[PDB]
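Visitor:
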Amino acid sequence: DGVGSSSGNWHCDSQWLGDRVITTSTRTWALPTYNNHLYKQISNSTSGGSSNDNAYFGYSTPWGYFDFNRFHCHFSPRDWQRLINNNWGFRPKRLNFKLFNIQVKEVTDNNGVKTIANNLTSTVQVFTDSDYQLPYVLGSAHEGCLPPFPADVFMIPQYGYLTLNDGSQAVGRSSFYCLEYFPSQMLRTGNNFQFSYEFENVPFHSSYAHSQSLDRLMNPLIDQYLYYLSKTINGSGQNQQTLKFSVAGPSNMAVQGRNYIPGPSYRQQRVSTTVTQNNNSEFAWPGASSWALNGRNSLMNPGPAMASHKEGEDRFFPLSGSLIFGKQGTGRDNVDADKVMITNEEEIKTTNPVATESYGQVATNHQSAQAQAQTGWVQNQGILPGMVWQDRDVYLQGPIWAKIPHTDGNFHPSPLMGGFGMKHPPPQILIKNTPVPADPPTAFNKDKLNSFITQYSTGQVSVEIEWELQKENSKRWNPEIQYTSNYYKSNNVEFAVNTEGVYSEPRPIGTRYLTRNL
Amino acid sequence: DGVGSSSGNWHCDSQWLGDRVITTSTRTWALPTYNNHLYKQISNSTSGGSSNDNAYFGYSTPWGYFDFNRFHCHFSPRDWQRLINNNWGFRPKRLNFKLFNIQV
Amino acid sequence: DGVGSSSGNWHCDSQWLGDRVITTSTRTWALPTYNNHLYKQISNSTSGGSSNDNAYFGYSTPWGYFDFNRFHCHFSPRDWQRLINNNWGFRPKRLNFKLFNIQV
Amino acid sequence: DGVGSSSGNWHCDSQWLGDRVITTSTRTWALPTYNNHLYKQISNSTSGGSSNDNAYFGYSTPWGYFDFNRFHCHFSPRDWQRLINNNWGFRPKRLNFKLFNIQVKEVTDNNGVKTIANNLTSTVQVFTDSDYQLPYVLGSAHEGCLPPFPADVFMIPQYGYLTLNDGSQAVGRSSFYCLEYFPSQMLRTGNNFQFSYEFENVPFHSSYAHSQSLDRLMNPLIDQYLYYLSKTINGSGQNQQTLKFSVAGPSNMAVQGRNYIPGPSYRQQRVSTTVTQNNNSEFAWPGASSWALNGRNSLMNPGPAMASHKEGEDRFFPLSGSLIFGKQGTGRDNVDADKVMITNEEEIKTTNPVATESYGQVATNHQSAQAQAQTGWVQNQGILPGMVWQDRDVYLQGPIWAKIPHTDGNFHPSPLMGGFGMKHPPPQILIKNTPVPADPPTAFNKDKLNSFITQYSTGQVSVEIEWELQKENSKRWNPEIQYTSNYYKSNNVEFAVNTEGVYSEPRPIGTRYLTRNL
Ligand SMILES: OC[C@H]1O[C@@H](O)[C@H](O)[C@@H](O)[C@H]1O
Ligand SMILES: OC[C@H]1O[C@@H](O)[C@H](O)[C@@H](O)[C@H]1O
């Protein structure tokens with residue numbers, strides 16, 4: 219429209235209908251010029267990397283992008299409480315995105331003194347990758363999200379991507395992408411941008427914990443009509459061999475026949491937060507579970523979903539097998555345990571093997587009169603028919619969706635870090651300040667212009683997501699576990715601003731409070 | 219229109235139909251003042267040329283001009299590969315040119 | 219029809235439409251009598267096999283069968299190049315089979 | 219249809235309408251199996267060739283093809299006389315082709331004794347290359363035409379083709395063609411084949427000779443108003459220099475201004491049929507005009523059209539510059555002049571330079587008081603604006619059409635051997651006996667079958683061509699030259715059968731008898 223008109227309004231609320239929740243978030247952003255308007259080849263060579271496991275090849279772009287892919291972008295802590303205490307499930311449905319009130323600014327420096335002024339004719343350009351033709355970086359859990367607290371102003375992160383490498387080198391199959399080779403909308407102050415998106419059908423996240431365990435599903439009062447082998451010897455001494463059979467029943471539940479078995483396992487090393495209980499060695503990398511791809515070792519960072527500890531063992535956690543969030547102000551490198559927050563998957567204990575335990579035991583031989591029966595431990599167990607499992611829980615600090623990789627086959631493509639896997643996730647939204655040349659020379663020169671006006675932009679972003687709810691139908695008589703604030707006096711309010719103005723999230727909050735039968 | 223409105227959008231893609239290819243290229247340009255707004259007689263004398271084979275007479279203008287007359291203006295290397303591997307022939311048909319978002 | 223009429227024509231080409239390829243292959247075959255018109259029990263015993271991993275039991279028939287189940291049956295090397303350089307994917311859709319000009 | 223019915227009738231006549239001639243020719247053919255049903259790589263290595271100028275790479279095919287591309291296929295000698303004496307021009311219009319009364323036969327040999335029997339269920343397969351997707355060999359002047367005499371039974375020639383080579387080797391750009399990869403019609407006895415073809419617009423062949431020469435086009439009674447430089451010196455002695463100018467007129471015709479000049483020239487070496495007049499050396503190849511392509515030398519066999527000798531010099535002929543036909547029964551290699559027939563282009567003497575002469579003279583310097591005027595001979599002259607020329611004459615023994623090569627550019631693409639150049643000439647008609655296996659073994663073997671029943675086919679071919687005529691409009695008072703038979707007694711009739719049954723063509727017959735003004 220024009221210089222003097224606002225191109226959009228602040229809309230931050232949430233709206234609870236019967237089976238639907240509509241979250242709306244507005245934030246203020248700032249976009250720098252990245253890479254001096256250049257595309258740059260980057261690799262572990264350009265960054266000085268060494269180990270082959272860390273080698274990479276790729277490109278950094280002048281562009282930047284929006285990430286709303288964490289839940290605290292869309293939910294206040296109160297809204298999150300309201301979701302998790304009342305609902306068995308939820309999934310995203312629709313998306314609405316807006317860019318408005320764009321302001322492009324010019325920075326001039328004289329001597330040690332900078333002046334900022336509006337550049338009214340400068341433009342910002344924006345496009346969504348709707349055909350998913352770019353490397354999709356939103357499914358890796360990155361910084362640069364919209365801030366959880368609506369009054370914070372955030373920097374837009376720089377877009378970059380990786381392609382195939384051999385060491386620091388690239389192969390011929392490596393692909394380079396110019397983001398200028400897409401059509402994009404150009405925006406002066408007074409222009410706005412919007413688009414809508416439909417989430418594809420995704421199952422409801424399970425926001426409940428089971429009130430039954432998979433090995434306890436029997437009627438405790440009644441025998442089975444099945445028999446098991448109770449006794450193989452008639453007693454001490456030579457040549458005592460029998461087959462004795464007993465009814466499996468209430469008194470021996472471990473031996474009863476069952477129709478369903480716990481889900482798959484890939485075993486994690488167990489680490490105690492009580493520190494003297496740990497070995498006196500460096501096992502962090504060496505003792506870690508990992509998978510290998512093309513000679514590279516990638517740590518298996520989230521487990522396949524697994525229970526983080528056994529009952530009462532809460533001090534234990536799987537080495538890499540859980541999500542670790544930092545507290546507010548926690549540094550980058552080598553921080554103590556009290557400065558991070560270790561998620562635990564304890565609720566899926568009912569259907570899922572413990573991350574730090576063997577799946578079970580198998581027979582390793584044929585017994586005989588000569589040979590005793592031998593068993594061995596199953597350290598990793600793939601899918602078996604009859605397995606049943608829960609996915610990893612999702613968190614207010616955590617990711618929402620991932621892009622399912624485009625491949626011939628996948629199994630149960632729920633993202634291992636948690637959330638909703640999608641073949642066509644919310645598309646990437648790319649934004650860039652268009653370069654404005656400084657004064658060119660008065661004689662022609664064929665070289666590309668390397669001299670530009672120093673410039674940055676700011677504005678507002680609205681994200682509106684419609685969420686579908688699955689209500690609790692339970693007949694449970696006794697009251698349930700719910701997420702609560704604690705009444706006891708404290709210097710600060712949890713999930714509130716500091717005395718210095720710093721918003722913090724004191725604890726990770728999962729979704730699983732309400733219960734269901736198994 | 220106005221100071222605060224963009225007068226055009228960035229369109230750079232290529233579009234492959236059955237017997238047609240449509241290339242679109244968007245670039246950012248800068249235009250200096252040339253010749254201090256003057257027309258100037260120029261010759262090999264003004265440039266110091268000597269040999270008769272190189273002698274010339276003409277004019278330089280304050281104006282400047284657009285040249286999209288090379289193929290890499292319209293074709294990405296991948297698009298060029300896609301053209302040359304699959305086709306016995308090609309020719310240009312239509313042209314559309316735009317100037318927009320002018321900033322003085 | 220009759221002794222003096224051809225019951226079919228040779229059709230070997232390939233046809234590239236926009237999203238479809240139609241391959242057609244014609245070959246000349248010869249069919250012997252197998253097993254002297256007999257069904258025969260066969261096993262690794264009848265062939266002299268030994269190891270249990272190789273043991274088998276079955277039947278050989280007087281019949282014979284057609285196998286077009288390799289790609290070079292339907293694609294010339296040039297057609298294969300044309301498929302693999304230009305396309306992210308392909309799948310079979312329809313099939314048409316003919317036997318004609320039989321000569322006993 | 220059936221075994222007992224004829225699938226077509228013999229139609230050999232010609233039909234003269236007002237401006238149209240329709241020729242119809244029927245012949246009997248025999249088709250062997252070629253290459254034992256195999257495609258074979260062939261090269262100068264496989265044939266033992268040596269010189270790089272003769273090196274080639276290609277394939278021979280089991281297929282064979284029809285060639286009606288000579289005029290004696292469609293015209294009796296009387297019809298040819300009737301064409302050339304009455305018409306200024308003619309061109310082909312339509313084509314109709316038929317294969318019918320196919321007979322496939324089986325050959326069995328016992329000991330030194332062969333038995334031929336019908337194989338009623340065997341088939342012949344036929345297709346036209348209508349999209350011109352095969353190497354086109356009909357535009358090279360080859361044996362294997364339909365015989366000029368309708369009672370002769372002819373063998374179908376074997377189809378083969380060449381692709382790119384380096385020496386005897388092939389490069390990656392070389393292309394291989396399987397003729398089985400085309401659709402073709404299969405024919406038992408009782409099946410027939412036909413197709414129609416439209417000639418594209420081609421200019422009329424010029425069946426006239428000019429009654430004027432390009433340098434005589436002036437009015438002999440009247441002066442020009444132009445002047446020429448008659449005299450550059452005033453006389454003998456020193457310092458005699460003048461410019462004298464005269465009117466060009468009837469008495470000096472060589473110097474008059476003219477609007478049009480003779481056509482282009484590429485000079486041929488002159489050879490006398492009076493043999494003692496020739497040099498005593500081997501000049502056949504060494505003294506020959508040639509063009510070079512990729513390091514190979516190809517003799518320039520037909521000239522660009524040029525006059526074969528000057529007036530009264532008929533004993534002279536251009537080395538390669540004319541078409542040479544063999545007489546009946548003339549051998550393959552090193553035959554005397556009396557056993558061949560040397561065509562002469564003498565009629566185009568009016569507009570075309572003599573093949574064995576220089577085109578003319580050009581100035582090679584600047585004359586001056588110090589330097590005399592110098593000229594040099596033009597041995598080859600390309601097209602100049604204002605040039606005018608006739609194409610090579612066409613012959614009853616000669617070719618009709620050629621395929622214009624498919625290229626970015628060509629100039630005046632009249633075939634140099636004569637006839638009608640066409641971008642889409644009459645298509646190639648390919649024919650093959652379909653292989654019939656002998657008895658296969660009773661155990662399966664994956665090898666292709668190399669054992670076949672010995673087999674060949676015969677039948678009839680009809681070719682019908684409609685020809686458009688251009689009548690003579692001339693106002694010439696005196697009678698003209700016409701082609702005639704000579705009345706004088708001879709042992710044989712010309713263009714008739716021998717006492718042994720051998721048809722022969724005693725002389726080459728061109729088209730140019732009638733005259734036109736220039
Ligand atoms: O390969 C050895 C290294 O492996 C890395 O992945 C690990 O983070 C480092 O601590 C080091 O142990
Ligand atoms: O290169 C020398 C040879 O060239 C051939 O083209 C010619 O026919 C031979 O006679 C021989 O002279």
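Chains as they are written, first to last, in the entry's author numbering: chain E, 219 to 736; chain A, 219 to 322; chain F, 219 to 322; chain G, 219 to 736. Idealized CB from N, CA, C, for every residue including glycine.
Between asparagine 262 of chain E and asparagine 272 of chain E, is the Cβ-Cβ spacing less than 8 Å?
Guide: Position 44 of the first sequence holds residue 262 of chain E. Position 54 of the first sequence holds residue 272 of chain E. Result yes, Cβ atoms of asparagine 262 of chain E and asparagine 272 of chain E sit closer than 8 Å.
Visitor: Using a Cβ-Cβ cut-off of 6 Å (strictly less than) and excluding sequence neighbours within five positions of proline 365 of chain E, which residues of its own chain qualify?
Guide: On the first sequence, position 147 is the one that residue 365 of chain E refers to. If we look at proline 365 of chain E and ignore the five residues flanking it on each side, its Cβ neighbours are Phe372.
Visitor: Please name the residue or residues paired with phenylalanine 535 of chain G in a DSSP beta bridge.
Guide: Along the fourth sequence, one-based indexing puts residue 535 of chain G at 317. For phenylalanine 535 of chain G, which the question treats as bridged, DSSP gives the partners G:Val489.
Visitor: Quick one: Cα of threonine 568 of chain E to Cα of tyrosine 478 of chain E, how far?
Guide: To locate residue 568 of chain E, count along the first sequence from 1; it is residue 350. To locate residue 478 of chain E, count along the first sequence from 1; it is residue 260. The straight-line gap from Cα to Cα measures roughly 12 Å.
Visitor: Quick check on the DSSP output: the beta strand (DSSP E) that includes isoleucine 649 of chain G runs from which residue to which?
Guide: The sequence position of residue 649 of chain G within the fourth sequence is 431, counting from 1. Start and end: 646-651.
Visitor: Using the beta-carbon count (16 or more within 10 Å), is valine 681 of chain E buried or exposed?
Guide: Taking the first sequence and counting its residues from 1, one reaches residue 681 of chain E at position 463. Burial call: buried.
Visitor: Please decide whether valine 239 of chain F counts as near chain G, where near means a Cβ-Cβ distance under 8 Å.
Guide: Residue numbering aside, residue 239 of chain F sits at position 21 when the third sequence is read from its first letter. So, not an interface residue.
Visitor: Can you confirm whether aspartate 219 of chain G, when its beta carbon is compared against all beta carbons of chain F, has any partner nearer than 8 Å?
Guide: Reading the fourth sequence from its first residue, position 1 is the one you call residue 219 of chain G. Output row for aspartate 219 of chain G: interface = yes.
Visitor: Sorry if obvious, but does the Cβ on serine 265 of chain E come closer than 7 Å to a heavy atom of ligand 1?
Guide: Counting from one through the first sequence, the residue named residue 265 of chain E turns up at place 47. No, since every heavy atom of ligand 1 falls outside the 7 Å radius drawn around the Cβ of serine 265 of chain E.
Visitor: What does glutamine 321 of chain A reach in chain E if we use C-beta pairs closer than 8 Å?
Guide: The count along the second sequence starts at 1 and reaches residue 321 of chain A at position 103. Within chain E, the residues near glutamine 321 of chain A are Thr339, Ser340, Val654.
Visitor: Beta carbon of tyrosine 443 of chain G, beta carbon of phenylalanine 463 of chain G: below 8 Å?
Guide: Here residue 443 of chain G refers to the residue found at position 225 of the fourth sequence. Here residue 463 of chain G refers to the residue found at position 245 of the fourth sequence. Their beta carbons are not under 8 Å apart, which means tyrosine 443 of chain G does not touch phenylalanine 463 of chain G by this criterion.
Visitor: Restricting to Cα atoms, I'd like to know which of G:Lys545, G:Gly578, G:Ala589, G:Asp611 is closest to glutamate 564 of chain G.
Guide: Within the fourth sequence, numbered from 1, the residue matching residue 564 of chain G stands at position 346. Measuring from the Cα of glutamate 564 of chain G, the nearest candidate turns out to be G:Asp611.
Visitor: By a C-beta neighbour count over all protein chains shown, 10 Å radius and 16 as the cutoff for buried, is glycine 578 of chain E buried or exposed?
Guide: Locating residue 578 of chain E in the first sequence gives position 360, where the first residue counts as 1. It is exposed - the Cβ of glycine 578 of chain E has fewer than 16 other Cβ atoms within 10 Å.
Visitor: Of all Cβ atoms in chain A, is any one closer than 8 Å to the Cβ of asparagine 651 of chain E?
Guide: For the purposes of this step, residue 651 of chain E is identified with residue 433 of the first sequence, where counting begins at 1. No, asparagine 651 of chain E lies away from the interface with chain A (no Cβ there is under 8 Å from its Cβ).
Visitor: Decide if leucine 256 of chain A is buried, meaning its Cβ has at least 16 other Cβ atoms within 10 Å, or exposed.
Guide: The residue labelled residue 256 of chain A in the question sits at position 38 within the second sequence. When all chains shown are included, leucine 256 of chain A counts as exposed.
Visitor: Under 7 Å, CB to CB, which of the residues in the region 369-399 of chain E have a partner in chain A?
Guide: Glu398, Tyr399
Visitor: For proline 522 of chain E versus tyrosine 613 of chain E, is the C-beta spacing smaller than 8 Å?
Guide: Position 304 of the first sequence, counting from 1, holds the residue named residue 522 of chain E. Position 395 of the first sequence, counting from 1, holds the residue named residue 613 of chain E. Not in contact: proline 522 of chain E and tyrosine 613 of chain E (Cβ atoms no closer than 8 Å).
Visitor: Excluding the five sequence neighbours on either side, which residues of its own chain have a C-beta within less than 8 Å of the C-beta of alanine 589 of chain G, listed in chain order?
Guide: The residue given as residue 589 of chain G occupies position 371 in the fourth sequence. Around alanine 589 of chain G: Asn583.
Visitor: With DSSP collapsed to three states, give me the class of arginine 296 of chain A.
Guide: Along the second sequence, read from residue 1 onward, the residue named residue 296 of chain A stands at position 78. Note: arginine 296 of chain A maps to helix in three-state DSSP.
Visitor: Closest by CA to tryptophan 234 of chain G, which one among G:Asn696, G:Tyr274, G:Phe308?
Guide: Along the fourth sequence, one-based indexing puts residue 234 of chain G at 16. Minimum Cα distance to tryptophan 234 of chain G is reached at G:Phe308.
Visitor: Is it the case that the region 310-317 of chain E contacts the region 659-670 of chain E, given that we only count it when at least three CB pairs across the two stretches are under 8 Å?
Guide: No: the two stretches stay apart, fewer than three of their Cβ pairs being nearer than 8 Å.
Visitor: Starting from the beta carbon of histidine 229 of chain A, find every residue of chain E whose beta carbon is closer than 7 Å, and list them in chain order.
Guide: Along the second sequence, one-based indexing puts residue 229 of chain A at 11. Those are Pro401, listed as they occur along chain E.
Visitor: So is the beta-carbon of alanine 502 of chain E under 7 Å away from any non-hydrogen atom of ligand 4?
Guide: For ligand 4, the structure offers nothing, since it holds only ligand 1 and ligand 2.
Visitor: What are the residues in the region 402-418 of chain E lying within 8 Å of chain A by C-beta distance?
Guide: Residues passing the 8 Å Cβ filter: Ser402, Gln403, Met404, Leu405, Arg406, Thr407, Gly408, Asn409.
Visitor: Taking 7 Å as the cut-off, does the CB of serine 269 of chain E come closer than this to any heavy atom belonging to ligand 1?
Guide: One-based indexing of the first sequence puts residue 269 of chain E at position 51. It does: the Cβ of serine 269 of chain E is within 7 Å (strictly closer) of some heavy atom of ligand 1.
Visitor: Under 8 Å, Cβ to Cβ, is there at least one residue of chain F near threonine 660 of chain G?
Guide: As a first step, residue 660 of chain G must be located in the fourth sequence, where it is residue number 442. Yes, its Cβ sits closer than 8 Å to a Cβ of chain F.
Visitor: Quick check on DSSP: helix, strand or coil for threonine 494 of chain E?
Guide: Position 276 of the first sequence, counted from the first residue, corresponds to residue 494 of chain E. Looking at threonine 494 of chain E - three-state DSSP - the assignment turns out to be helix.
Visitor: List the residues that DSSP assigns as beta-bridge partners of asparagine 470 of chain E.
Guide: Mapped onto the first sequence, residue 470 of chain E falls at position 252. DSSP lists E:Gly467 as partners of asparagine 470 of chain E.
Visitor: Using Cβ-Cβ distances below 7 Å, what residues of the region 236-260 of chain A are close to chain E?
Guide: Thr246, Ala248, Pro250, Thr251, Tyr252
Visitor: Could you tell me which chain E residues have their CB closer than 7 Å to the CB of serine 224 of chain A, listed as they occur along the chain?
Guide: Within the second sequence, residue 224 of chain A is the residue found at index 6, counting from 1. Ordered by position in chain E, the residues that pass the 7 Å Cβ test against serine 224 of chain A are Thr341, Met404, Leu405, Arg406, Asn409.
Visitor: For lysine 323 of chain E, which of helix, strand or coil comes out of DSSP?
Guide: For the purposes of this step, residue 323 of chain E is taken as the residue at position 105 of the first sequence. Here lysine 323 of chain E sits in strand by DSSP.
Visitor: Can you list, in chain order, the residues of the region 661-678 of chain G whose Cβ is nearer than 7 Å to any Cβ on chain F?
Guide: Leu667
Visitor: For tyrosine 706 of chain G, is the classification buried or exposed, using 16 other Cβ atoms within 10 angstroms of its Cβ as the cut-off for buried?
Guide: Position 488 of the fourth sequence, counted from the first residue, corresponds to residue 706 of chain G. Burial call: exposed.
Visitor: Is the Cβ of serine 268 of chain F closer than 8 Å to any Cβ of chain G?
Guide: Here residue 268 of chain F corresponds to residue number 50 of the third sequence, with the count starting at 1. Not one chain G Cβ lies under 8 Å of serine 268 of chain F.
Visitor: Would the region 614-622 of chain G count as touching the region 634-649 of chain G if we require 3 or more Cβ pairs under 8 Å?
Guide: yes
Visitor: As a quick exercise: from A:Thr244, A:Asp297, A:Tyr277, pick the residue whose alpha carbon is nearest that of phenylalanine 286 of chain A.
Guide: Position 68 of the second sequence, counted from the first residue, corresponds to residue 286 of chain A. Considering only alpha carbons, the answer is A:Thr244.
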